[PDB]
Amino acid sequence: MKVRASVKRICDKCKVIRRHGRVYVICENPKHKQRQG
Ligand SMILES: [Zn+2]
């Protein structure tokens with residue numbers, strides 16, 4: 001797991017989750033489901 005991707009929410013309905021020093025990106029839009037690292 002290498003944290004180095006712009007996971008910042010893409011659209012307005014995106015949402016970022018905070019995890020063990022890591023982060024996530026869930027959203028209604030499937031193209032926005034990402035993960036920090
Ligand atoms: Zn989104």
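Determination method: solution NMR.
Using the three backbone atoms N, Cα and C, a Cβ is placed for every residue, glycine included.
Look at Swiss-Prot and you will find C11, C14, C27, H32 tagged as Zn(2+) binding site, backed by experimental evidence. Taking Cβ-Cβ distances under 8 Å and a sequence gap of 6 or more within the same chain, the neighbours of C11 (Zn(2+) binding site) are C27, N29, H32.
The DSSP secondary structure for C27 (Zn(2+) binding site) is coil.
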